[PDB]
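Trainee: So I've got this file, data17.txt, and it contains compact mmCIF, C-alpha atoms and all ligand atoms:
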# COMPACT_ATOMS: atom_id res chain seq x y z
CA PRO A 442 -11.18 -23.27 48.31
CA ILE A 443 -13.98 -25.63 49.36
CA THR A 444 -14.05 -28.68 51.67
CA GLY A 445 -16.65 -31.32 50.90
CA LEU A 446 -18.44 -33.54 53.43
CA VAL A 447 -20.52 -36.67 52.88
CA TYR A 448 -22.74 -38.24 55.57
CA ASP A 449 -25.97 -40.23 55.22
CA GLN A 450 -28.06 -41.50 58.15
CA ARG A 451 -29.03 -44.59 56.11
CA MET A 452 -25.61 -46.03 56.89
CA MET A 453 -26.74 -46.37 60.51
CA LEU A 454 -29.07 -49.20 59.51
CA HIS A 455 -26.27 -51.81 59.49
CA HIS A 456 -26.39 -53.39 62.93
CA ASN A 457 -25.62 -56.43 65.09
CA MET A 458 -28.85 -58.19 65.94
CA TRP A 459 -27.28 -60.40 68.64
CA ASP A 460 -25.22 -57.72 70.41
CA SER A 461 -26.65 -54.19 70.44
CA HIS A 462 -23.44 -53.05 72.17
CA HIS A 463 -20.95 -54.31 69.59
CA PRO A 464 -18.43 -51.45 69.29
CA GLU A 465 -18.93 -50.93 65.52
CA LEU A 466 -22.05 -48.92 66.46
CA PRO A 467 -24.49 -47.12 64.16
CA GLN A 468 -23.97 -43.97 66.27
CA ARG A 469 -20.28 -43.84 65.29
CA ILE A 470 -21.19 -41.77 62.25
CA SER A 471 -24.01 -39.72 63.80
CA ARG A 472 -21.73 -38.77 66.70
CA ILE A 473 -19.04 -37.52 64.33
CA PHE A 474 -21.62 -35.57 62.30
CA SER A 475 -23.12 -34.08 65.47
CA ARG A 476 -19.72 -32.85 66.65
CA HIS A 477 -19.24 -31.13 63.29
CA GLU A 478 -22.50 -29.26 63.94
CA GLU A 479 -21.46 -28.31 67.48
CA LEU A 480 -18.16 -26.85 66.29
CA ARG A 481 -19.96 -25.05 63.42
CA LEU A 482 -17.81 -26.89 60.89
CA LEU A 483 -20.76 -28.27 58.91
CA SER A 484 -21.88 -24.91 57.52
CA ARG A 485 -18.28 -24.33 56.34
CA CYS A 486 -18.38 -27.49 54.17
CA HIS A 487 -20.12 -28.29 50.90
CA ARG A 488 -22.41 -31.29 51.34
CA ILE A 489 -21.70 -34.09 48.85
CA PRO A 490 -24.59 -36.56 48.38
CA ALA A 491 -24.26 -40.24 49.12
CA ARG A 492 -25.03 -42.80 46.43
CA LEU A 493 -24.93 -46.55 45.98
CA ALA A 494 -21.85 -48.10 44.43
CA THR A 495 -22.76 -50.20 41.40
CA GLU A 496 -21.89 -53.87 41.01
CA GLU A 497 -19.57 -52.96 38.13
CA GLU A 498 -17.80 -50.51 40.44
CA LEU A 499 -17.44 -53.16 43.16
CA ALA A 500 -15.79 -55.40 40.56
CA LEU A 501 -12.90 -52.94 40.29
CA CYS A 502 -11.53 -54.69 43.40
CA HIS A 503 -13.78 -57.64 44.35
CA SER A 504 -14.62 -61.02 42.83
CA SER A 505 -18.07 -61.75 41.44
CA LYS A 506 -18.35 -64.56 43.99
CA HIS A 507 -17.84 -62.18 46.91
CA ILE A 508 -20.15 -59.51 45.49
CA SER A 509 -22.85 -62.13 44.91
CA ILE A 510 -22.62 -63.56 48.42
CA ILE A 511 -22.83 -60.21 50.23
CA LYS A 512 -25.61 -59.06 47.90
CA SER A 513 -27.59 -62.21 48.70
CA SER A 514 -27.49 -61.45 52.45
CA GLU A 515 -29.96 -58.59 51.89
CA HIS A 516 -32.73 -61.21 51.63
CA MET A 517 -31.51 -63.78 54.17
CA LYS A 518 -33.42 -64.82 57.25
CA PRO A 519 -31.67 -64.27 60.61
CA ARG A 520 -30.54 -67.90 60.78
CA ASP A 521 -28.65 -67.64 57.51
CA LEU A 522 -27.37 -64.16 58.45
CA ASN A 523 -25.86 -65.41 61.70
CA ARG A 524 -24.48 -68.46 59.90
CA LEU A 525 -23.02 -66.48 56.99
CA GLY A 526 -21.44 -63.91 59.29
CA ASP A 527 -19.87 -66.60 61.48
CA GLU A 528 -18.05 -67.96 58.40
CA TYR A 529 -15.94 -64.81 58.14
CA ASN A 530 -13.29 -63.52 60.53
CA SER A 531 -15.09 -61.02 62.83
CA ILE A 532 -18.19 -60.07 60.79
CA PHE A 533 -21.81 -59.43 61.75
CA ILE A 534 -24.51 -59.00 59.09
CA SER A 535 -28.03 -57.58 59.02
CA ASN A 536 -30.40 -57.30 56.08
CA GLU A 537 -29.28 -53.65 55.68
CA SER A 538 -25.53 -54.42 55.62
CA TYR A 539 -25.12 -54.75 51.84
CA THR A 540 -26.89 -51.44 51.19
CA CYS A 541 -24.83 -49.63 53.81
CA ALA A 542 -21.57 -50.97 52.35
CA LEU A 543 -22.75 -49.77 48.92
CA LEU A 544 -23.51 -46.32 50.32
CA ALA A 545 -20.15 -46.08 52.08
CA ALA A 546 -18.34 -46.83 48.81
CA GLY A 547 -20.53 -44.65 46.57
CA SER A 548 -20.23 -41.74 49.02
CA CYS A 549 -16.45 -41.94 48.64
CA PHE A 550 -16.70 -42.21 44.84
CA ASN A 551 -18.79 -39.01 44.76
CA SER A 552 -16.25 -37.32 47.05
CA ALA A 553 -13.29 -38.39 44.91
CA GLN A 554 -15.15 -37.17 41.82
CA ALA A 555 -15.85 -33.82 43.45
CA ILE A 556 -12.13 -33.44 44.20
CA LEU A 557 -10.91 -34.57 40.79
CA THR A 558 -13.34 -32.32 38.89
CA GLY A 559 -12.30 -29.28 40.92
CA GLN A 560 -15.67 -28.84 42.65
CA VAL A 561 -13.95 -29.06 46.07
CA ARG A 562 -10.30 -28.99 47.06
CA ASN A 563 -10.58 -31.79 49.61
CA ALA A 564 -13.22 -33.79 51.46
CA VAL A 565 -14.21 -35.88 54.48
CA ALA A 566 -16.38 -39.02 54.32
CA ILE A 567 -18.28 -40.01 57.49
CA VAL A 568 -19.17 -43.58 56.48
CA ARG A 569 -19.71 -47.08 57.85
CA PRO A 570 -19.24 -50.06 57.81
CA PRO A 571 -15.44 -49.71 57.40
CA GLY A 572 -13.49 -51.16 54.49
CA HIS A 573 -9.75 -51.74 54.83
CA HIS A 574 -9.85 -55.36 56.08
CA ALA A 575 -12.04 -56.48 53.16
CA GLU A 576 -10.21 -58.62 50.60
CA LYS A 577 -10.85 -59.23 46.91
CA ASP A 578 -12.74 -62.44 47.71
CA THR A 579 -13.96 -62.16 51.32
CA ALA A 580 -15.26 -59.91 54.10
CA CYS A 581 -13.20 -59.45 57.27
CA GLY A 582 -12.88 -57.38 60.42
CA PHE A 583 -16.22 -55.50 60.29
CA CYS A 584 -15.57 -54.74 56.57
CA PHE A 585 -17.55 -55.94 53.54
CA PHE A 586 -16.06 -54.08 50.55
CA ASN A 587 -12.77 -52.18 50.53
CA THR A 588 -14.05 -48.61 50.27
CA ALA A 589 -10.62 -46.95 50.09
CA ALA A 590 -9.26 -49.44 47.55
CA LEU A 591 -12.40 -49.09 45.42
CA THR A 592 -12.12 -45.32 45.60
CA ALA A 593 -8.54 -45.46 44.29
CA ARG A 594 -9.64 -47.60 41.33
CA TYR A 595 -12.73 -45.44 40.78
CA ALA A 596 -10.50 -42.35 40.72
CA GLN A 597 -8.28 -43.97 38.08
CA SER A 598 -11.37 -44.98 36.08
CA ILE A 599 -12.52 -41.33 35.71
CA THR A 600 -9.06 -39.80 35.12
CA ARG A 601 -6.33 -42.05 33.74
CA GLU A 602 -5.69 -45.67 34.59
CA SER A 603 -2.21 -44.91 35.98
CA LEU A 604 -3.22 -41.97 38.21
CA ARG A 605 -0.85 -42.02 41.19
CA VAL A 606 -2.95 -42.54 44.32
CA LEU A 607 -1.45 -42.53 47.80
CA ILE A 608 -3.40 -44.36 50.53
CA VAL A 609 -2.21 -43.51 54.04
CA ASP A 610 -3.82 -45.89 56.52
CA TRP A 611 -3.57 -44.56 60.08
CA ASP A 612 -6.19 -46.87 61.53
CA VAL A 613 -4.50 -48.70 64.42
CA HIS A 614 -4.98 -52.01 62.58
CA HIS A 615 -3.19 -53.12 59.43
CA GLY A 616 -5.28 -52.78 56.29
CA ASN A 617 -4.63 -56.32 55.08
CA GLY A 618 -7.13 -56.00 52.24
CA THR A 619 -5.74 -52.73 50.91
CA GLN A 620 -2.20 -54.12 50.99
CA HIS A 621 -3.20 -57.29 49.13
CA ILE A 622 -5.34 -55.53 46.51
CA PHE A 623 -2.44 -53.28 45.49
CA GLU A 624 0.52 -55.49 46.41
CA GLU A 625 1.66 -55.86 42.77
CA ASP A 626 0.71 -52.31 41.76
CA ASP A 627 3.02 -49.32 41.34
CA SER A 628 0.19 -46.85 40.69
CA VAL A 629 -1.25 -47.04 44.23
CA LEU A 630 1.23 -46.46 47.07
CA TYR A 631 -0.03 -48.01 50.32
CA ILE A 632 1.47 -46.71 53.58
CA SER A 633 0.08 -48.16 56.83
CA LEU A 634 0.96 -47.44 60.44
CA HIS A 635 -0.38 -50.03 62.83
CA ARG A 636 -0.02 -51.80 66.14
CA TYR A 637 1.69 -55.10 65.27
CA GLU A 638 3.15 -56.73 68.41
CA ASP A 639 5.12 -59.29 66.35
CA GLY A 640 1.88 -60.50 64.78
CA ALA A 641 -0.32 -60.90 67.87
CA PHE A 642 -2.53 -57.85 67.18
CA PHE A 643 -5.53 -58.10 64.84
CA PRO A 644 -5.55 -59.03 61.98
CA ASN A 645 -2.82 -61.35 63.34
CA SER A 646 -0.72 -61.83 60.20
CA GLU A 647 2.95 -61.26 59.53
CA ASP A 648 1.81 -59.70 56.22
CA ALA A 649 1.81 -56.52 58.33
CA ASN A 650 5.55 -56.51 59.03
CA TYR A 651 8.00 -53.94 57.67
CA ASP A 652 9.69 -56.39 55.31
CA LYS A 653 6.59 -56.70 53.07
CA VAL A 654 7.50 -54.11 50.45
CA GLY A 655 5.44 -55.16 47.44
CA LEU A 656 5.68 -57.71 44.64
CA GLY A 657 6.66 -57.46 40.98
CA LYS A 658 6.04 -54.00 39.54
CA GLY A 659 4.86 -53.07 43.05
CA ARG A 660 8.24 -53.61 44.72
CA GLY A 661 8.72 -50.57 46.92
CA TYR A 662 5.08 -49.41 46.81
CA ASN A 663 3.89 -51.08 50.03
CA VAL A 664 5.16 -49.45 53.24
CA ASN A 665 4.27 -51.10 56.57
CA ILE A 666 5.18 -49.18 59.73
CA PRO A 667 4.60 -51.71 62.55
CA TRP A 668 4.55 -50.74 66.25
CA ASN A 669 5.75 -53.11 68.96
CA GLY A 670 5.77 -52.80 72.73
CA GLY A 671 2.69 -51.06 74.06
CA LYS A 672 1.53 -47.46 74.06
CA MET A 673 2.32 -45.18 71.11
CA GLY A 674 1.14 -41.58 70.67
CA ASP A 675 1.82 -38.22 69.02
CA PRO A 676 5.67 -38.32 69.24
CA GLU A 677 5.86 -41.71 67.53
CA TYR A 678 3.39 -40.82 64.77
CA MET A 679 5.05 -37.47 64.13
CA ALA A 680 8.45 -39.17 63.91
CA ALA A 681 7.14 -41.77 61.44
CA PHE A 682 5.66 -39.02 59.27
CA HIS A 683 8.91 -37.05 59.37
CA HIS A 684 11.28 -39.94 58.63
CA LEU A 685 9.10 -42.19 56.45
CA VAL A 686 5.61 -41.15 55.33
CA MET A 687 6.30 -37.68 54.04
CA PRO A 688 9.70 -38.24 52.31
CA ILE A 689 8.28 -41.27 50.48
CA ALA A 690 4.98 -39.59 49.60
CA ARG A 691 6.75 -36.50 48.26
CA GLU A 692 8.92 -38.65 46.01
CA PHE A 693 5.93 -40.68 44.79
CA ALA A 694 4.22 -37.32 43.96
CA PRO A 695 0.62 -38.53 44.25
CA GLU A 696 -2.17 -36.98 42.20
CA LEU A 697 -4.72 -37.89 44.88
CA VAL A 698 -4.37 -38.75 48.58
CA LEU A 699 -6.86 -41.05 50.31
CA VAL A 700 -6.67 -41.45 54.09
CA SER A 701 -7.94 -44.70 55.57
CA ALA A 702 -8.74 -42.66 58.63
CA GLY A 703 -9.53 -44.96 61.50
CA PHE A 704 -9.49 -43.24 64.86
CA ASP A 705 -8.84 -46.32 66.99
CA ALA A 706 -5.26 -45.23 67.69
CA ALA A 707 -6.81 -42.35 69.64
CA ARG A 708 -6.50 -41.75 73.36
CA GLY A 709 -9.54 -43.38 74.96
CA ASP A 710 -10.12 -46.10 72.36
CA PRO A 711 -11.26 -49.39 74.01
CA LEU A 712 -9.46 -51.53 71.40
CA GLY A 713 -6.34 -49.71 70.19
CA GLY A 714 -4.46 -49.09 73.44
CA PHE A 715 -2.69 -46.03 71.93
CA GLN A 716 -2.87 -42.33 72.81
CA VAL A 717 -2.82 -40.23 69.63
CA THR A 718 -4.55 -36.93 70.43
CA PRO A 719 -6.97 -34.88 68.29
CA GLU A 720 -4.18 -32.33 67.87
CA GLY A 721 -1.98 -35.18 66.65
CA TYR A 722 -4.46 -36.19 63.96
CA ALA A 723 -4.76 -32.53 62.93
CA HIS A 724 -1.01 -32.37 62.37
CA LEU A 725 -1.02 -35.57 60.29
CA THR A 726 -3.85 -34.13 58.19
CA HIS A 727 -2.07 -30.80 57.76
CA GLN A 728 1.08 -32.56 56.56
CA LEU A 729 -0.79 -34.63 53.96
CA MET A 730 -2.47 -31.50 52.59
CA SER A 731 0.98 -30.52 51.28
CA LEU A 732 0.70 -33.35 48.74
CA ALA A 733 -1.25 -33.70 45.50
CA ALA A 734 -1.99 -29.95 45.35
CA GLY A 735 -4.11 -30.45 48.46
CA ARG A 736 -6.34 -33.17 46.95
CA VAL A 737 -7.03 -35.17 50.13
CA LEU A 738 -10.05 -37.37 50.92
CA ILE A 739 -10.38 -38.48 54.55
CA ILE A 740 -12.34 -41.76 54.84
CA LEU A 741 -13.57 -43.04 58.21
CA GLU A 742 -12.42 -46.59 58.93
CA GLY A 743 -12.37 -47.77 62.59
CA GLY A 744 -12.42 -45.95 65.91
CA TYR A 745 -14.67 -46.97 68.80
CA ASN A 746 -14.63 -44.33 71.57
CA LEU A 747 -17.49 -42.15 70.36
CA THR A 748 -16.18 -38.98 72.03
CA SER A 749 -12.61 -39.64 70.81
CA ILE A 750 -13.54 -40.28 67.18
CA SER A 751 -15.88 -37.28 67.08
CA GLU A 752 -13.23 -34.90 68.40
CA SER A 753 -10.48 -36.44 66.27
CA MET A 754 -12.27 -36.43 62.93
CA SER A 755 -13.64 -32.91 63.52
CA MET A 756 -10.06 -31.67 64.02
CA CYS A 757 -9.10 -33.23 60.69
CA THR A 758 -11.96 -31.41 58.95
CA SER A 759 -10.85 -28.17 60.60
CA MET A 760 -7.43 -28.68 59.01
CA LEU A 761 -8.95 -29.33 55.56
CA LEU A 762 -10.88 -26.08 55.93
CA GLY A 763 -7.56 -24.25 56.36
CA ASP A 764 -7.51 -23.64 60.10
CA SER A 765 -4.07 -23.29 61.65
CA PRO A 766 -2.66 -26.46 63.27
CA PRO A 767 -2.97 -26.68 67.05
CA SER A 768 -0.06 -26.81 69.46
CA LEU A 769 1.41 -30.21 70.35
CA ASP A 770 2.81 -31.32 73.70
CA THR A 773 8.25 -36.24 74.87
CA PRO A 774 11.13 -38.47 73.73
CA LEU A 775 10.22 -41.44 71.55
CA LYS A 776 9.65 -44.87 72.99
CA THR A 777 12.70 -46.98 72.21
CA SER A 778 10.83 -49.60 70.21
CA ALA A 779 9.36 -46.87 67.99
CA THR A 780 12.87 -45.90 66.90
CA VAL A 781 13.53 -49.60 66.29
CA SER A 782 10.43 -49.85 64.10
CA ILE A 783 11.30 -46.73 62.08
CA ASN A 784 14.86 -47.88 61.46
CA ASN A 785 13.62 -51.29 60.28
CA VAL A 786 11.35 -49.60 57.74
CA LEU A 787 14.26 -47.49 56.52
CA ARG A 788 16.27 -50.68 55.99
CA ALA A 789 13.33 -52.10 54.03
CA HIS A 790 12.64 -49.05 51.86
CA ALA A 791 15.95 -47.18 51.44
CA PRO A 792 16.61 -49.47 48.41
CA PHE A 793 13.56 -47.98 46.65
CA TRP A 794 13.32 -44.29 47.63
CA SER A 795 16.14 -41.84 46.91
CA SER A 796 14.77 -39.61 49.68
CA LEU A 797 15.70 -42.35 52.17
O1 LIG B 801 -12.03 -52.69 62.14
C1 LIG B 801 -11.57 -52.78 63.24
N1 LIG B 801 -10.98 -51.63 63.90
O2 LIG B 801 -10.95 -50.41 63.23
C2 LIG B 801 -11.57 -54.09 64.02
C3 LIG B 801 -11.81 -55.31 63.42
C4 LIG B 801 -11.82 -56.45 64.19
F1 LIG B 801 -12.05 -57.67 63.64
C5 LIG B 801 -11.57 -56.38 65.55
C6 LIG B 801 -11.33 -55.16 66.14
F2 LIG B 801 -11.09 -55.08 67.48
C7 LIG B 801 -11.33 -54.01 65.38
K K B 802 -3.23 -48.85 59.58
K K B 803 1.16 -50.95 46.17
ZN ZN B 804 -9.06 -50.49 63.25
I need this file expressed as structure tokens, please.
Ligand SMILES: O=C(NO)c1cc(F)cc(F)c1
Ligand SMILES: [K+]
Ligand SMILES: [K+]
Ligand SMILES: [Zn+2]
Mentor:
Amino acid sequence: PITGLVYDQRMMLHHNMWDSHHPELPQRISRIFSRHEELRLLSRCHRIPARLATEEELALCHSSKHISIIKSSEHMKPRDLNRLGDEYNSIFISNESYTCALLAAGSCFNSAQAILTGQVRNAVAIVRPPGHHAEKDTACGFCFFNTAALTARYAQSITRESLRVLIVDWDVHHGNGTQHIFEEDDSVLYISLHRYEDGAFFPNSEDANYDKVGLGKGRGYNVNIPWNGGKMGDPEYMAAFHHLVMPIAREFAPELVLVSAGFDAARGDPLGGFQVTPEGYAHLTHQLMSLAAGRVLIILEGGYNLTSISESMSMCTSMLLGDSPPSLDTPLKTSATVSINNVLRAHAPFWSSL
């Protein structure tokens, strides 16, 4: 009954050479690791080594054009780095960026392999840069390659091609890249909760609305839970899990659960504006461990208050290790009930549990 953990200090080398205070900080991952030490969680986990993703692995989800462009940045002078980064939506690049993106992905491949070979029951991946905004053909939103999407395809590649993978994306932003990569796929169920605000919140696309349910064979296998009207917290997230995430996931019966675990919906985040607590994230984790015989891999995405993300991710690891869920502390905001009922109207056609 083992929990795995992957962390590698080399992923701190990716950095913003114009703005040392850009919130996607190198210390995001060292702070989370340090808090695991302080809580004596690290010695309770089995350390999984990081590795580089290969180019063939990246091609499970990304075009050769995109792979080639990001790879070429490793050798670019600052002028071309600043210029290349400015061509994407919200990207900075250093000469170390490509390597760190490869390590983030390969770390998650090794973690998924450890779970699927029975070496650990579940795992946490403390990685950066994030992945869920990255598309097949372009970088976006601090993300170069789509780590979670690649990990789902990697998992299928070492088991069977149709392995049922659930990706629950609780980062406060919509994972536009993960949705698009699997939009026509019934083997990977994508469920995202995200601040939407009728399309005004990053990444600023109505692709994130509840009526986008999937295409072709994938009809019904894309579940967007969009929040509108300000602050959301534990009551809203627990309601969404009760009414939507868990009934759907149980019917899908995944063989592996990946969490796109951004912690920017957390109380204190400078960018999310929400107030999910560390106890709230622990309860979401504990609920997902009831799926896939416990085979859950928690993958860091966003989250920018260093104290908040360190406390929140550590509580998730405590749940994976089998600790009892903490106590929670309110009626739902009206608009949250509106959002949940809209998703039920969108997905009741596809799920007999709805
Ligand atoms: O990746 C992100 N959050 O987890 C992110 C990406 C952006 F382009 C902007 C932002 F404020 C946040
Ligand atoms: K999300
Ligand atoms: K899908
Ligand atoms: Zn985010």
Trainee: Which residues, written as a PyMOL selection string, have at least one atom at most 9 Å from residue 707 (chain A), with all atoms listed in the file counted and residues fewer than 5 positions away on the same chain left out?
Mentor: chain A and resi 613+674+713-719+722+744+746+749-750+753
Trainee: Residues of chain A that have any atom at most 8 Å from an atom of ligand ZN 804 (chain B): could you tabulate them with the shortest-distance atom pair and the distance in Å to one decimal, using only C-alpha atoms and all ligand atoms, ordered by chain and increasing number, as a Markdown table?
Mentor:
| residue | atom | partner | partner_atom | distance |
| --- | --- | --- | --- | --- |
| A:612 | CA | B:ZN804 | ZN | 4.9 |
| A:613 | CA | B:ZN804 | ZN | 5.0 |
| A:614 | CA | B:ZN804 | ZN | 4.4 |
| A:615 | CA | B:ZN804 | ZN | 7.5 |
| A:703 | CA | B:ZN804 | ZN | 5.8 |
| A:704 | CA | B:ZN804 | ZN | 7.4 |
| A:705 | CA | B:ZN804 | ZN | 5.6 |
| A:706 | CA | B:ZN804 | ZN | 7.9 |
| A:713 | CA | B:ZN804 | ZN | 7.5 |
| A:742 | CA | B:ZN804 | ZN | 6.7 |
| A:743 | CA | B:ZN804 | ZN | 4.3 |
| A:744 | CA | B:ZN804 | ZN | 6.2 |
Trainee: Starting from the point (-14.2, -24.0, 43.3), work out which residues of protein, DNA or RNA have an atom no more than 7 Å away when counting all atoms listed in the file; state them as a PDB file with C-alpha atoms, in the coordinates of the input.
Mentor:
ATOM      1  CA  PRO A 442     -11.180 -23.270  48.310  1.00  0.00           C
ATOM      2  CA  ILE A 443     -13.980 -25.630  49.360  1.00  0.00           C
ATOM      3  CA  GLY A 559     -12.300 -29.280  40.920  1.00  0.00           C
ATOM      4  CA  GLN A 560     -15.670 -28.840  42.650  1.00  0.00           C
ATOM      5  CA  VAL A 561     -13.950 -29.060  46.070  1.00  0.00           C
TER       6      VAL A 561
END
Trainee: Figure out the distance between CA of residue 498 (chain A) and CA of residue 658 (chain A), please, to one decimal in Å.
Mentor: 24.1 Å
Trainee: Can you tell me which residues surround residue 793 (chain A) at a distance of at most 9 Å, considering only C-alpha atoms, apart from same-chain residues fewer than 6 positions away, and format the answer as a PyMOL selection string?
Mentor: chain A and resi 660-662
Trainee: Using only C-alpha atoms and all ligand atoms, what table do you get, as JSON lines, when you list each residue of chain A with an atom no more than 9 Å from ligand K 802 (chain B), its nearest pair of atoms, and their distance in Å rounded to one decimal, rows by chain then rising number?
Mentor:
{"residue": "A:573", "atom": "CA", "partner": "B:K802", "partner_atom": "K", "distance": 8.6}
{"residue": "A:609", "atom": "CA", "partner": "B:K802", "partner_atom": "K", "distance": 7.8}
{"residue": "A:610", "atom": "CA", "partner": "B:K802", "partner_atom": "K", "distance": 4.3}
{"residue": "A:611", "atom": "CA", "partner": "B:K802", "partner_atom": "K", "distance": 4.3}
{"residue": "A:612", "atom": "CA", "partner": "B:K802", "partner_atom": "K", "distance": 4.1}
{"residue": "A:613", "atom": "CA", "partner": "B:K802", "partner_atom": "K", "distance": 5.0}
{"residue": "A:614", "atom": "CA", "partner": "B:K802", "partner_atom": "K", "distance": 4.7}
{"residue": "A:615", "atom": "CA", "partner": "B:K802", "partner_atom": "K", "distance": 4.3}
{"residue": "A:616", "atom": "CA", "partner": "B:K802", "partner_atom": "K", "distance": 5.5}
{"residue": "A:617", "atom": "CA", "partner": "B:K802", "partner_atom": "K", "distance": 8.8}
{"residue": "A:632", "atom": "CA", "partner": "B:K802", "partner_atom": "K", "distance": 7.9}
{"residue": "A:633", "atom": "CA", "partner": "B:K802", "partner_atom": "K", "distance": 4.4}
{"residue": "A:634", "atom": "CA", "partner": "B:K802", "partner_atom": "K", "distance": 4.5}
{"residue": "A:635", "atom": "CA", "partner": "B:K802", "partner_atom": "K", "distance": 4.5}
{"residue": "A:636", "atom": "CA", "partner": "B:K802", "partner_atom": "K", "distance": 7.9}
{"residue": "A:665", "atom": "CA", "partner": "B:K802", "partner_atom": "K", "distance": 8.4}
{"residue": "A:666", "atom": "CA", "partner": "B:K802", "partner_atom": "K", "distance": 8.4}
{"residue": "A:667", "atom": "CA", "partner": "B:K802", "partner_atom": "K", "distance": 8.8}
{"residue": "A:701", "atom": "CA", "partner": "B:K802", "partner_atom": "K", "distance": 7.4}
{"residue": "A:702", "atom": "CA", "partner": "B:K802", "partner_atom": "K", "distance": 8.3}
{"residue": "A:703", "atom": "CA", "partner": "B:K802", "partner_atom": "K", "distance": 7.6}
Trainee: Counting only C-alpha atoms, what is within 8 Å of region 544-552 of chain A, bar same-chain residues fewer than 5 positions away, as a list in words?
Mentor: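 My list of contacting residues is residues 445, 446, 447, 448, 452, 489, 490, 491, 492, 493, 494, 495, 564, 565, 566, 568, 569, 570, 571, 586, 587, 588, 589, 591, 592, 595, 596, 738 and 740 of chain A.
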Trainee: Near residue 734 (chain A), counting only C-alpha atoms, which residues have an atom at most 9 Å away, once you skip same-chain residues fewer than 5 positions from it, shown as a list in words?
Mentor: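 Contacts, with the query itself left out: residues 562, 696 and 697 of chain A.
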Trainee: Select the residues contacting ligand K 803 (chain B) at a distance of at most 12 Å, based on only C-alpha atoms and all ligand atoms, then format the selection as JSON, numbers by chain.
Mentor: {"A": [590, 593, 605, 606, 607, 608, 609, 617, 618, 619, 620, 621, 622, 623, 624, 625, 626, 627, 628, 629, 630, 631, 632, 633, 653, 654, 655, 656, 657, 658, 659, 660, 661, 662, 663, 664, 665, 693]}
Trainee: Please determine, counting only C-alpha atoms and all ligand atoms, which residue among A:728, A:669, A:540, A:530 has the shortest atom-to-atom distance to ligand LIG 801 (chain B).
Mentor: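 Of the candidates, the smallest distance to ligand LIG 801 (chain B) is held by A:530.
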Trainee: Suppose you want the space between CA of residue 481 (chain A) and CA of residue 709 (chain A); what is it in Å?
Mentor: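 Separating CA of residue 481 (chain A) from CA of residue 709 (chain A) is a distance of 24.0 Å.
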Trainee: When distances are computed from only C-alpha atoms and all ligand atoms, which of A:511, A:737, A:681, A:575 shows the smallest separation from ligand LIG 801 (chain B)?
Mentor: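 Distance minimum relative to ligand LIG 801 (chain B) lands on A:575.
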Trainee: Give me the residues near residue 524 (chain A) as a PyMOL selection string, where near means some atom within 12 Å (using all atoms listed in the file) and where sequence neighbours in that chain fewer than 4 positions away do not count.
Mentor: chain A and resi 514+517-520+528-529+532-535
Trainee: Could you put an axis-aligned box around every listed atom of region 588-598 of chain A, padded by 3 Å on each side, and send me its centre and edge lengths in Å to one decimal, as JSON?
Mentor:
{"center_x": -11.2, "center_y": -45.9, "center_z": 43.2, "size_x": 11.8, "size_y": 13.1, "size_z": 20.2}
Trainee: Find the nearest atom pair between each residue of region 680-746 of chain A and region 455-463 of chain A for residues within 12 Å, count all atoms listed in the file, give distances in Å to one decimal, sort rows by chain and ascending number, and present the table as JSON lines.
Mentor:
{"residue": "A:711", "atom": "CA", "partner": "A:463", "partner_atom": "CA", "distance": 11.7}
{"residue": "A:712", "atom": "CA", "partner": "A:463", "partner_atom": "CA", "distance": 12.0}
{"residue": "A:745", "atom": "CA", "partner": "A:463", "partner_atom": "CA", "distance": 9.7}
{"residue": "A:746", "atom": "CA", "partner": "A:463", "partner_atom": "CA", "distance": 12.0}
Trainee: For those residues, write C-alpha atoms to a file as a PDB file, in the coordinates of the input.
Mentor:
ATOM      1  CA  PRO A 711     -11.260 -49.390  74.010  1.00  0.00           C
ATOM      2  CA  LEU A 712      -9.460 -51.530  71.400  1.00  0.00           C
ATOM      3  CA  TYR A 745     -14.670 -46.970  68.800  1.00  0.00           C
ATOM      4  CA  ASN A 746     -14.630 -44.330  71.570  1.00  0.00           C
TER       5      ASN A 746
END
Trainee: For CA of residue 766 (chain A) and atom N1 of ligand LIG 801 (chain B), quote the distance in Å rounded to one decimal.
Mentor: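 Rounded to one decimal, the two atoms are 26.5 Å apart.
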Trainee: Could you model N, CA and C atoms for region 581-586 of chain A and present them as a JSON list (two decimals), in the coordinates of the input?
Mentor:
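Result written to rebuild-v2.json:
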[["chain", "number", "residue", "atom", "x", "y", "z"],
["A", 581, "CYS", "N", -14.11, -59.26, 56.14],
["A", 581, "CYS", "CA", -13.20, -59.45, 57.27],
["A", 581, "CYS", "C", -13.24, -58.23, 58.18],
["A", 582, "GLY", "N", -13.16, -58.46, 59.49],
["A", 582, "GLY", "CA", -12.88, -57.38, 60.42],
["A", 582, "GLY", "C", -13.83, -56.20, 60.35],
["A", 583, "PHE", "N", -15.13, -56.48, 60.33],
["A", 583, "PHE", "CA", -16.22, -55.50, 60.29],
["A", 583, "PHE", "C", -16.39, -54.91, 58.89],
["A", 584, "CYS", "N", -15.63, -55.36, 57.90],
["A", 584, "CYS", "CA", -15.57, -54.74, 56.57],
["A", 584, "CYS", "C", -16.11, -55.68, 55.51],
["A", 585, "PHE", "N", -16.95, -55.15, 54.61],
["A", 585, "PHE", "CA", -17.55, -55.94, 53.54],
["A", 585, "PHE", "C", -16.87, -55.71, 52.19],
["A", 586, "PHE", "N", -16.76, -54.45, 51.77],
["A", 586, "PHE", "CA", -16.06, -54.08, 50.55],
["A", 586, "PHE", "C", -15.00, -53.06, 50.92]]
